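Participant: Sharing a structure, written as structure tokens. Questions coming.
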Amino acid sequence: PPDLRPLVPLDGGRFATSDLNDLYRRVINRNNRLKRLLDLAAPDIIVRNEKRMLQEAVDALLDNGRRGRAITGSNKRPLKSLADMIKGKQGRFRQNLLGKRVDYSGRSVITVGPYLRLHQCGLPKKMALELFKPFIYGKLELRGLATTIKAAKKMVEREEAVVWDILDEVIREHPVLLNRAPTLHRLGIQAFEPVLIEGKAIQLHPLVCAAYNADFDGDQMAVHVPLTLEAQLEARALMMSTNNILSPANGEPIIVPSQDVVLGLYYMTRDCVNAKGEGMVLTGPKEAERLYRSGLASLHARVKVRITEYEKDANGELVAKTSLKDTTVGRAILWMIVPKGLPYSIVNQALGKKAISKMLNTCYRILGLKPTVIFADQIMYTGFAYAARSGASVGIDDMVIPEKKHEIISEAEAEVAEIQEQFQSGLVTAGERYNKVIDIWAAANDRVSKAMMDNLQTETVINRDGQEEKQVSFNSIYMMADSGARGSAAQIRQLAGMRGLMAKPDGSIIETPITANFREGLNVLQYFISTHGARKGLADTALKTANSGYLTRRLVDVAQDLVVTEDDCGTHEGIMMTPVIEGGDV
Amino acid sequence: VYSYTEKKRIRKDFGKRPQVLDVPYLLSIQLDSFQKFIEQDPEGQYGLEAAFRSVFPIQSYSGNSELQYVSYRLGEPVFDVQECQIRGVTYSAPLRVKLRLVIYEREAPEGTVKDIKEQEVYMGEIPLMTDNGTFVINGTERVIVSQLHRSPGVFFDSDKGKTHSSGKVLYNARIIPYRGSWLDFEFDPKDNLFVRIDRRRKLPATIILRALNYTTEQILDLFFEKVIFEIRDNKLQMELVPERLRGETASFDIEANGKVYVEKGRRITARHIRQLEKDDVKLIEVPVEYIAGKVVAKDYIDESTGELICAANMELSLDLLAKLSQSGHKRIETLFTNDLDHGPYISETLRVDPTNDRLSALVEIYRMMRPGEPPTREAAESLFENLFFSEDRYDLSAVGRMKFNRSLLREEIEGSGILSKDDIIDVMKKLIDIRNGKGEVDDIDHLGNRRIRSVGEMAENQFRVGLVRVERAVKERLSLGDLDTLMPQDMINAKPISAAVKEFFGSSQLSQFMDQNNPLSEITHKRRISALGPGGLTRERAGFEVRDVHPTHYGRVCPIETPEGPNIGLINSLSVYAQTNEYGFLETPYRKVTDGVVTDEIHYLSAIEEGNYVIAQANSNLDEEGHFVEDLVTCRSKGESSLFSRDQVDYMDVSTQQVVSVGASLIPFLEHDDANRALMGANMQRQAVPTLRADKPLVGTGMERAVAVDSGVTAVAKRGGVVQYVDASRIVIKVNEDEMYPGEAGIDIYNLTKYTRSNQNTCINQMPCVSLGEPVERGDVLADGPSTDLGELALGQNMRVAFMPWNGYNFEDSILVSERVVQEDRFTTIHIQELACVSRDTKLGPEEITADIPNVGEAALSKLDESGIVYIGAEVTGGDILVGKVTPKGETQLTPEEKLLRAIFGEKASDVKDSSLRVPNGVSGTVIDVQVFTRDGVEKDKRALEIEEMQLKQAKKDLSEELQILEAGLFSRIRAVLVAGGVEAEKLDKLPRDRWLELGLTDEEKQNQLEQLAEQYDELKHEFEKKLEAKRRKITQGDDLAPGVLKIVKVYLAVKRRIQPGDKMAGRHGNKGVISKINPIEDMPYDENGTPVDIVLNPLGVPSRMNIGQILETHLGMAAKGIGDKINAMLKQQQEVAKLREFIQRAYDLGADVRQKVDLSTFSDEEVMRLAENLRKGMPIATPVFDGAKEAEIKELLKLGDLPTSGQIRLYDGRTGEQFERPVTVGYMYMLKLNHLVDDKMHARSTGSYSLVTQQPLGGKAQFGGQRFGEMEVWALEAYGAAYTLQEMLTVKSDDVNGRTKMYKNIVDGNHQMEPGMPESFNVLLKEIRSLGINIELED
Amino acid sequence: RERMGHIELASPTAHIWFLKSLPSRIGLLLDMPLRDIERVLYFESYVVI
DNA sequence: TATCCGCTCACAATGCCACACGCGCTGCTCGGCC
DNA sequence: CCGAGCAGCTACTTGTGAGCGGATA
Ligand SMILES: [Mg+2]
């Protein structure tokens, strides 16, 4: 069809034409020339060549480049044929049939919203205005405010003080869909109730972006509108964030808390040996919070308080038991957040990442879903508040260097020196020398790492009516590492201790390790080997995400041809599942 | 001694390594490249003489008509760089070549040619780069990056592993010329050798070998050795050398001279070899079944019957042996076959050779090259002699021949561009040897095998590509031209070569406009080495070998500067001290090390010569007299770090910055950062936006004093002199008497560029930083450009930063900011957008730019001028017509009487169409400049007249300043000459002498001098008038725009965008983030002294992403500010200059054994106060890339001030007003606002336009389009339920031509119910399949 | 959007899709090697009937 | 004559987003029941 | 002669799978 052929009047006498137009025109030209030659009784060889040329033209129109000679029409570039408009990532299927651009959509950079609840999210004012223009028009025509559509449109353009309340009313319970640019699983698109905020960024809940794999370093996400009653009810029922707490892959919850809240809670529950108010008694958690906020006592101190816990009986009964416990003020204060069902033994811990994850798991298991959402929201609120009030900070003096690292390095140097002496003596060959250097350096790295760990744990002694009461280390970097918030063991090892061994292009290990750390200065050649080893791992993901996307597309194409259509098949065959114990124990 | 700009504000420096080689010109690469391009060079070297002398001269088809080339010349550019920028024309220069047509009569092959026609002809114009290495093609500044490709020569690849899945490693040799046809020898899975010409059919090598008049015996004598078998009395004795049987078993009793040596079945060991060499025996006894395994070397003919007994490459049998013995040949030469020394590979290639003679070889290789077309032997030979041995289709350059002769272990390194038979023989022998085990492969991951080509080489290549087309054209045109009928001008056209160079500079994988947003990006973009483009690999087809960085990249290319994403490792940045070799390799400077002393000299080592010597550590602790404090020293022999002695070393690193790039050297405390964070930081520093007011970075690296100076962003002093006139627009300097030229000299003028649009929609403005009467030196800075401060690079801003969580507002990486920052105009930037309005010439009448816009009121036209263009300074926020473009739609010939009548009486102007250009809906700001270009012929509107009058007034102001200076000098001279007539001079020459030069008395000398001076005066006036008239004719000359346009109108909308939640900001250590929420000043935390913090980062981002140096920097920053604070406390309270000088001396004399060693007693006791005033904002600190200040130095610098030594200060909460426990760290960090502003990212659409090919909504932010529902989004949605949701998202909201309208009508009427309909794109697919020969049909 | 026309080719031509499918339809249907069918298609040989 | 082996050709190789730019000159051929 | 639309001026990806000789018993 003519309009289906791209042909638009460009600026000036020129027209933006399609590649199919040139094909059809050449086909028509050669066809007319052949028809002329057949009437003039052209020689047999001439009409033969003309038929060959017409065949070339028609097969180029059908599928250009398949015959072998990819002809060009302009810019010396391969021309677009009919087959090219269907195949590849540019045909109709991949571009205009499977994924099409939709109306009532928007896109914006994300930002952290720490006040909004888990089930809701933020939304810019101008964005929300531009998305829900028809709903605003309808609500304006409803009230005695706008008679026709032109008046409502002019009022929206002017943005009077009488339209903001309408926008607040239409987004009272109208959810929207947040979507990340690379979508991997079902959680790539979620539903949220929007709250209007003055700004140009989309405020996002901190506990959901972990599922999005969306850091706040400049990630832009899209927003969509359901626009239908069926749609709004579905988004509120299925795609809502509250209705998706467990990943479809594993039963583990996807709402696991992030680094900030877990660090705050760890600092809140990490008890010391001596602080303000050690040994006193408190009636309830409210009195503990009062005594703490009053400043008369510290945050972490062993205190004998009275708790009133609730246990779920066999039926739907919540038996109450009041008992005196000996716990830190932080745990007692945090107890005001957990619902009544959970016991006290889940808070009487250091409350690391695994601890809080299993706490949320037990809460969802015993109490269901309705209180779990508000429990997690209050967890995040209190974690943010107490992490802010804490004052966690990393500094130069926070990272300590092992005092006996120097002697260990010198001993390893003497060992590799005597190994080189043995090699020069002709007793040991090059391969065994390389192995005896590599294993010795590995043992030295293990020793210095254990030294760095036991050193980061010590030098924490506080007098509690005595002489020395060595406790768990309160160093900020150790708090961020041991709690599993952000730092791992290997990361802090590379940070404070020696980096260890590096790699060469082929994949082997260089015989000269990096005997320096990050806090101390790094040599030029050491940093060169480090960046050489790191560029490989950097380009790894950049090259591998393409294969990952291709694999996902292949897998979903093999998939989606089956759904749950029956309630039972009526067979007895299956597979004999057994716990694999190959290799190690299990 | 220090520079004058250094006396303004000298920066404290650290480090203990006294550098010996200063920072070279950062843009020396491209500058030297283009200098090598345009220059008269003898001996036909690089540039333009090579391309000419290679192609020229041209001879007709034996017509005695030759076209000689004499020389070339470049005319003066017809437009200045500023004129080219303000107009849009190219900053090119003409190319006038003086050619010589020598045509002679017939009947004389070498007859003395007469009627020579020597004529200069113009052939296209070539673009010249500016003083900054930038090309201006169409207004914009396009920079050509250098390309890294494979060095022309030979290579030996080893295909292993998966290759052929046979567990046999193959070795393939590749001969790659600089320009011509390739060659590839390789081995099959068997022991067969084959060759191919540019990826053609796999054919044996003996055929191409014998193609060069080579017989079988010659090939066998060249490749393999000769074993002589003598026809003795019996047993056919054979000569023996004990080295040829090494590794073989004795199939017979090897005994000679009546003494047994090796028994039958005994492998000849080394001791057996020594025993057999002790007696030095040659002739032994060998059985008959042994000769049958060998094979004859040469063809032995018979003398009795005159026939052949046996041919070459045929195993001998007993009957053949009896025949050759009865023939009479005593000496029989056979091949020496041994799998460990000489693997038989030619024998098999010979027995698979179908052709034997040279002629059938040629026709077979012709059939292999060209399908069919079977010629005779002489006709086929033309191809084989023109493809590999003709200097027109095989152009091995000098570096190609050099690499070829170096790879084959040959003394001489020179040669020709064509190949030779001996070269092919040598490369085949080398391949055979590298298969046998002798010799190692040449990896592709080696800078010695990767050659770098600059803009000059690519320009010369494209010039040659055009020149071959013009050569074919002039050759076909010379087929009819005879004597005395044409000058050597008409046969040459400008078209092919001019177009070739123009397109090579305009549109290519390397021709790109520079990212003009900061000097750092300008420097790192010109020193950018890419592997894409022609002759290079593609990013979609790159393996994990080119991405990985070799140990040979040390000091030759930076390993940490690389754009992360689609092309990692393919795009790199050149090292700091890296230079381009004459041959085209990467050379690195090194200090020569003698036995005991390291002489302070530099040798630029190449990439191949690295493994020969050993390089010392850059930061190795060294003693005086060029000694090492330790006997053992860290070195590297061949890309492997190791420990050597103090005397075995032979070379040392020149400095400690040569390993990183210039874009990475600006990262302070880089040694305390991880590679990934450093790469992310150095890449983000490239995307810095110039703030409204630049400010010196506190924690600097010292290199900043070079980037802002070595580039062309700031106003550099060409001649040191005295400041005469300071102004925000121009700067006039008076040249000192010594630097001033002894004749026709004057004063220098620098015209500062004001706010104009850059190539990235950023503002580029220069601010004067000098005072009147202040003397300046040559090379010193005069005006700070964008993001500069007193000749120092300053991209971002320093801010008070703390590291503590704040209610989750720094959750993952989000940044917290106080209102104090946005209030103080800190991060507010300026964005300039260009909008073009063109008056295209169409039929029915051309367009007009008048102000008569009908169908609209006056409010929308109140911002329009009398001519029809928005005023200069008229703000606009919404869609408003800022230019009155109208076009006629119907009948033309509207009478001017009725035309002016319609403007006053009658009806509206009908044929207008209201096609005027307005600003898009969404952009705001105030227009600051309007540009207009009128073709020669169209009536120039009065606004263009006003603009040209203003620029002419400016140019006339400059010329009149020059003229008045020269006239004041000349009138001082006339006063000095007529002093003899003194009384009348002082009487009637005080006021009126400036106009009454007319005087006269005492002819002899007075008249002579007065006439000479009057002649000088009138000549000066006439010359200045000529200059003014030339400038007028230049600026009034209309520029061409396009075929079919009258005039082009350009407007520049400048908007001031402030920081807001949604912007992207980052430090210098890869700690990026987004502003979460602006905070009130009271809510932000504050110290116990009352100073509120500005930026509250997240300390949790430090451990995992190992960027710790920033913290150090932060600490140092605090110390810096501390010193400034003290100076402020010493500046507010009026203090004597003695205390201030002593304090500054104590600060600069920090106890770290630094190499700065500045003294305050040498200053003028006046500039000390100015320097202190320039320090109250803080103490700038320099820090080398690896010689940075240690922890103890920062500690003592902090303890110098009253700040705490621990670096962590107690902080009070802004909300609760209580004390934060666990004292948080706080300092001064330099941050950057990335070029990812939120105002260009937020976008939304309810219902807009739709595409014409299919009724689908558009997208993007420029046009009012929504987002794209990706395929993975569809997968995630169908993985959920939401069947109605997917059905509405697919057709009802996007594709239904009749559903979206119905849905909108229902929604506006309060009806939330949809209709399925049918997607239009599905019908489009049905029609497209129907357009084919395929029938697609819907059933019932 | 939907109305279509046609071209009356004077010489009936082959459909390149059915000839370059690998395996092509005519190559298997006509029990003839694809090389000979391509030879007949580009008019450099004859095929008897 | 079946059948494994070697050479040759079709097909594939995320996803999104943002910005910017482009298809010339001379030459040749076809356009037309008022 | 006039006007309108259109043509001449390649090779570091690698791997996978299928097909077409081809040569060996
Ligand atoms: Mg990210």
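Letters for chains follow the order of the structure tokens (A, B, ...), residue numbers begin at 1 for each chain, and ligand numbers begin at 1 in the order shown.
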Could you please extract the residues within 7 Å of ligand 1, counting only C-alpha atoms (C1' of nucleotides) and all ligand atoms, and hand them back as an NGL selection string?

Facilitator: :A and (214-219)

Participant: Please return, as a short mmCIF file (atom, residue, chain, number, x, y, z; two decimals) with N, CA, C and O atoms, in the first residue's frame, all residues of chain B lying within 9 Å of chain E when only C-alpha atoms (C1' of nucleotides) are considered.

Facilitator:
data_model
loop_
_atom_site.label_atom_id
_atom_site.label_comp_id
_atom_site.auth_asym_id
_atom_site.auth_seq_id
_atom_site.Cartn_x
_atom_site.Cartn_y
_atom_site.Cartn_z
N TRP B 182 46.68 -9.25 0.49
CA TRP B 182 47.25 -9.99 1.60
C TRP B 182 47.86 -11.30 1.11
O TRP B 182 47.85 -11.62 -0.08
N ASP B 198 44.15 -13.37 0.08
CA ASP B 198 43.02 -12.57 0.54
C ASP B 198 41.75 -13.42 0.67
O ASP B 198 40.73 -13.18 0.01
N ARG B 199 41.85 -14.44 1.53
CA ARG B 199 40.70 -15.28 1.91
C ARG B 199 40.09 -16.00 0.71
O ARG B 199 38.87 -16.19 0.66
N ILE B 444 49.32 -11.24 18.90
CA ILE B 444 48.68 -10.00 18.47
C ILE B 444 48.54 -9.02 19.62
O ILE B 444 48.32 -7.82 19.39
N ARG B 469 41.20 7.81 -8.37
CA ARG B 469 40.04 8.08 -9.21
C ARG B 469 40.34 9.20 -10.21
O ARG B 469 40.04 9.08 -11.40
N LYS B 495 36.27 17.50 -8.30
CA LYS B 495 35.22 16.68 -7.71
C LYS B 495 35.73 15.53 -6.84
O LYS B 495 35.46 15.53 -5.63
N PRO B 496 36.46 14.54 -7.38
CA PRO B 496 36.70 13.31 -6.60
C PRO B 496 37.56 13.53 -5.36
O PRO B 496 37.19 13.09 -4.26
N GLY B 536 40.28 -1.68 11.31
CA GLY B 536 40.26 -2.13 12.68
C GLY B 536 39.10 -3.06 12.97
O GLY B 536 38.14 -3.12 12.19
N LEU B 537 39.17 -3.79 14.07
CA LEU B 537 38.12 -4.74 14.41
C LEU B 537 36.85 -4.00 14.83
O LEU B 537 36.84 -2.80 15.09
N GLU B 540 31.43 -5.72 18.02
CA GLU B 540 30.60 -6.92 18.06
C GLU B 540 31.40 -8.19 17.78
O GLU B 540 30.94 -9.28 18.12
N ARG B 541 32.60 -8.06 17.21
CA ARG B 541 33.42 -9.20 16.82
C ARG B 541 34.81 -9.07 17.42
O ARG B 541 35.83 -9.21 16.74
N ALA B 542 34.87 -8.79 18.72
CA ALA B 542 36.12 -8.65 19.45
C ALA B 542 36.19 -9.71 20.54
O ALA B 542 35.21 -9.92 21.27
N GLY B 543 37.34 -10.38 20.64
CA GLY B 543 37.54 -11.39 21.66
C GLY B 543 38.12 -10.81 22.94
O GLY B 543 38.37 -9.61 23.06
#

Participant: Give me every alpha helix (DSSP H) residue in chain C, going by DSSP on the backbone, as a list in words.

Facilitator: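 Those in chain C that DSSP calls alpha helix (DSSP H) are residues 16, 17, 18, 19, 25, 26, 27, 28, 29, 34, 35, 36, 37, 38, 39, 40 and 41 of chain C.
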
Participant: Could the residues in this selection be saved with N, CA, C and O atoms as a short mmCIF file (atom, residue, chain, number, x, y, z; two decimals), in the first residue's frame?

Facilitator:
data_model
loop_
_atom_site.label_atom_id
_atom_site.label_comp_id
_atom_site.auth_asym_id
_atom_site.auth_seq_id
_atom_site.Cartn_x
_atom_site.Cartn_y
_atom_site.Cartn_z
N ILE C 16 12.68 -16.06 -4.73
CA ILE C 16 14.01 -16.33 -4.19
C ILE C 16 13.93 -17.05 -2.85
O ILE C 16 14.85 -17.78 -2.47
N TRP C 17 12.83 -16.87 -2.11
CA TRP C 17 12.68 -17.57 -0.84
C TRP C 17 12.58 -19.07 -1.05
O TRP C 17 13.22 -19.85 -0.33
N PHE C 18 11.79 -19.51 -2.03
CA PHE C 18 11.65 -20.93 -2.32
C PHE C 18 12.87 -21.51 -3.01
O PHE C 18 12.94 -22.73 -3.19
N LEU C 19 13.83 -20.67 -3.41
CA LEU C 19 15.03 -21.13 -4.08
C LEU C 19 16.28 -21.06 -3.21
O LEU C 19 17.27 -21.70 -3.54
N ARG C 25 12.74 -25.35 -1.53
CA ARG C 25 11.58 -26.17 -1.85
C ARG C 25 11.72 -26.81 -3.22
O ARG C 25 11.55 -28.03 -3.36
N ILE C 26 12.04 -26.01 -4.24
CA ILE C 26 12.20 -26.55 -5.58
C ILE C 26 13.38 -27.51 -5.64
O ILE C 26 13.35 -28.50 -6.39
N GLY C 27 14.43 -27.25 -4.86
CA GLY C 27 15.58 -28.14 -4.86
C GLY C 27 15.25 -29.55 -4.42
O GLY C 27 15.86 -30.51 -4.90
N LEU C 28 14.28 -29.70 -3.52
CA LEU C 28 13.84 -31.02 -3.09
C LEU C 28 12.65 -31.51 -3.91
O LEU C 28 12.57 -32.71 -4.22
N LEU C 29 11.72 -30.62 -4.26
CA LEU C 29 10.53 -31.03 -5.00
C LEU C 29 10.89 -31.54 -6.39
O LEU C 29 10.50 -32.64 -6.78
N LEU C 34 20.37 -27.81 -6.44
CA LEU C 34 20.15 -26.37 -6.45
C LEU C 34 21.11 -25.65 -7.40
O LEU C 34 20.77 -24.60 -7.95
N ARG C 35 22.30 -26.21 -7.60
CA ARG C 35 23.26 -25.58 -8.51
C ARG C 35 22.71 -25.51 -9.93
O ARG C 35 22.82 -24.47 -10.59
N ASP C 36 22.10 -26.59 -10.41
CA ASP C 36 21.56 -26.59 -11.77
C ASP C 36 20.35 -25.66 -11.89
O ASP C 36 20.17 -25.01 -12.92
N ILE C 37 19.53 -25.59 -10.84
CA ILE C 37 18.38 -24.69 -10.88
C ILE C 37 18.85 -23.24 -10.90
O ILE C 37 18.27 -22.39 -11.59
N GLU C 38 19.91 -22.93 -10.15
CA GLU C 38 20.49 -21.59 -10.21
C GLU C 38 21.10 -21.31 -11.57
O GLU C 38 21.02 -20.18 -12.08
N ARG C 39 21.71 -22.32 -12.18
CA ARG C 39 22.24 -22.17 -13.53
C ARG C 39 21.14 -21.83 -14.52
O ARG C 39 21.31 -20.95 -15.38
N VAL C 40 20.00 -22.51 -14.42
CA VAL C 40 18.88 -22.22 -15.31
C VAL C 40 18.29 -20.85 -15.00
O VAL C 40 17.83 -20.14 -15.90
N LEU C 41 18.31 -20.44 -13.73
CA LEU C 41 17.64 -19.21 -13.34
C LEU C 41 18.35 -17.97 -13.88
O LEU C 41 17.70 -17.01 -14.31
#

Participant: Applying 12 Å and only C-alpha atoms (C1' of nucleotides), which residues near range 23-27 of chain D remain after dropping the ones on its own chain fewer than 5 positions away? List them as an MDAnalysis selection string.

Facilitator: (chainID A and resid 10 14:19 73:77) or (chainID B and resid 493:496 498:500 502:503 1042:1043) or (chainID E and resid 6:9)

Participant: Pick the closest to residue 386 in chain A from B:1340, B:460, B:911, B:1221: which is it, counting only C-alpha atoms?

Facilitator: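 Looking at the shortest contact to residue 386 in chain A, the residue is B:1221.
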
Participant: Using CA of residue 870 in chain B and CA of residue 754 in chain B as the two end points, give the distance in Å to one decimal.

Facilitator: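 Atom-to-atom, CA of residue 870 in chain B to CA of residue 754 in chain B, that is 20.2 Å.
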
Participant: Which residues come within 6 Å of range 321-326 of chain A, counting only C-alpha atoms (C1' of nucleotides), excluding same-chain residues fewer than 2 positions away, as a PyMOL selection string?

Facilitator: chain A and resi 303-309

Participant: Show which residues sit within 9 Å of range 11-13 of chain C, as a PyMOL selection string. Count only C-alpha atoms (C1' of nucleotides), and ignore same-chain residues fewer than 4 positions away.

Facilitator: (chain A and resi 31+34-35+51+54-55+58-59) or (chain C and resi 41)

Participant: Near chain C, meaning an atom within 10 Å, which residues of chain B appear when counting only C-alpha atoms? Write them as a PyMOL selection string.

Facilitator: chain B and resi 1253-1254+1320+1323-1324+1326-1327+1330-1333

Participant: Grab the residues selected above and save them as a JSON list (two decimals), in the first residue's frame with C-alpha atoms.

Facilitator:
[["chain", "number", "residue", "atom", "x", "y", "z"],
["B", 1253, "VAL", "CA", 4.37, 3.76, 8.80],
["B", 1254, "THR", "CA", 2.32, 2.35, 11.68],
["B", 1320, "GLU", "CA", -3.20, -1.88, 13.13],
["B", 1323, "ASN", "CA", -2.91, -5.64, 9.59],
["B", 1324, "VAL", "CA", 0.34, -4.05, 8.41],
["B", 1326, "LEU", "CA", -0.78, -9.09, 6.98],
["B", 1327, "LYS", "CA", -0.36, -6.66, 4.08],
["B", 1330, "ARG", "CA", 0.45, -10.42, 1.30],
["B", 1331, "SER", "CA", 2.85, -8.19, -0.63],
["B", 1332, "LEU", "CA", 5.11, -11.24, -0.95],
["B", 1333, "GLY", "CA", 4.13, -14.39, -2.83]]

Participant: Write down, as a PyMOL selection string, each residue of chain C that has any atom within 12 Å of an atom of chain D, counting only C-alpha atoms (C1' of nucleotides).

Facilitator: chain C and resi 20-24

Participant: Quick one: pick out all strand (DSSP E) residues within range 77-214 of chain A from a backbone DSSP run and write them as a PyMOL selection string.

Facilitator: chain A and resi 101-102+105-112+120-124+176-179+189-197+202-204

Participant: Tell me, as a list in words, which residues lie within 9 Å of residue 495 in chain A, counting only C-alpha atoms (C1' of nucleotides); anything in the same chain fewer than 3 positions away does not count.

Facilitator: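 Counting only C-alpha atoms (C1' of nucleotides), the residues come to residues 399, 490, 491, 492, 498, 499, 517, 518 and 519 of chain A; 1103, 1106 and 1108 of chain B.
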
Participant: Mind writing the picked residues with N, CA, C and O atoms as a compact mmCIF listing (two decimals), in the first residue's frame?

Facilitator:
# COMPACT_ATOMS: atom_id res chain seq x y z
N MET A 399 40.72 2.28 59.95
CA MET A 399 41.42 1.14 59.36
C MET A 399 42.78 1.02 60.02
O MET A 399 43.63 1.92 59.90
N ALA A 490 36.70 -10.73 52.34
CA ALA A 490 37.73 -10.55 51.33
C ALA A 490 37.93 -9.08 50.98
O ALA A 490 39.06 -8.64 50.73
N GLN A 491 36.85 -8.31 50.96
CA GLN A 491 36.96 -6.89 50.64
C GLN A 491 37.78 -6.15 51.69
O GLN A 491 38.71 -5.41 51.37
N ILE A 492 37.45 -6.35 52.97
CA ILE A 492 38.21 -5.69 54.03
C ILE A 492 39.62 -6.25 54.12
O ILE A 492 40.55 -5.55 54.54
N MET A 498 47.25 -7.03 52.96
CA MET A 498 47.82 -7.08 51.62
C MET A 498 46.80 -7.63 50.63
O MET A 498 45.94 -8.44 50.97
N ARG A 499 46.91 -7.18 49.38
CA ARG A 499 45.97 -7.61 48.35
C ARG A 499 46.14 -9.09 48.02
O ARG A 499 45.18 -9.75 47.60
N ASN A 517 48.74 -2.53 50.78
CA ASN A 517 47.30 -2.43 50.95
C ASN A 517 46.81 -1.11 50.36
O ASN A 517 47.56 -0.38 49.71
N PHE A 518 45.53 -0.81 50.59
CA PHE A 518 44.96 0.42 50.06
C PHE A 518 45.24 1.61 50.97
O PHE A 518 45.55 2.70 50.48
N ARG A 519 45.14 1.42 52.28
CA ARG A 519 45.40 2.51 53.22
C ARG A 519 46.84 3.00 53.08
O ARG A 519 47.10 4.21 53.05
N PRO B 1103 33.63 0.71 51.92
CA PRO B 1103 34.27 -0.62 52.02
C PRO B 1103 34.15 -1.47 50.77
O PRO B 1103 35.17 -1.93 50.24
N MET B 1106 36.03 -0.25 46.69
CA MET B 1106 37.25 0.14 47.40
C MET B 1106 37.83 1.42 46.79
O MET B 1106 38.78 1.41 46.01
N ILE B 1108 39.16 4.32 48.80
CA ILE B 1108 39.45 4.88 50.11
C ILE B 1108 40.20 6.21 50.00
O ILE B 1108 40.07 7.06 50.89

Participant: Using only C-alpha atoms (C1' of nucleotides), select each residue of chain D with any atom at most 10 Å away from an atom of chain A, and give the selection as a compact mmCIF listing (two decimals) with C-alpha atoms (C1' of nucleotides), in the first residue's frame.

Facilitator:
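What follows is the written file selection.txt:
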# COMPACT_ATOMS: atom_id res chain seq x y z
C1' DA D 10 23.05 -19.78 6.29
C1' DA D 12 22.97 -15.92 15.94
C1' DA D 13 25.51 -12.63 18.75
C1' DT D 14 21.07 -8.51 25.50
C1' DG D 15 18.14 -4.84 26.40
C1' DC D 16 16.96 0.15 27.33
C1' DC D 17 17.88 5.41 27.39
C1' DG D 22 23.67 12.69 7.58
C1' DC D 23 21.15 11.26 1.11

Participant: Which residues are close to residue 1098 in chain B, i.e. within 7 Å by only C-alpha atoms (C1' of nucleotides), leaving aside same-chain residues fewer than 2 positions away? Reply as number ranges by chain.

Facilitator: B: 803-805, 810, 813, 1096, 1100-1101

Participant: Near chain D, meaning an atom within 9 Å, which residues of chain B appear when counting only C-alpha atoms (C1' of nucleotides)? Write them as a list in words.

Facilitator: residues 495, 499, 507, 513, 540, 541, 759, 760, 1236, 1240, 1241, 1260, 1261, 1268, 1270, 1271 and 1272 of chain B

Participant: Which residue is closest to chain E? Choose from C:8, C:46, C:14, C:33 and count only C-alpha atoms (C1' of nucleotides).

Facilitator: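 Of all the options, C:33 lies closest to chain E.
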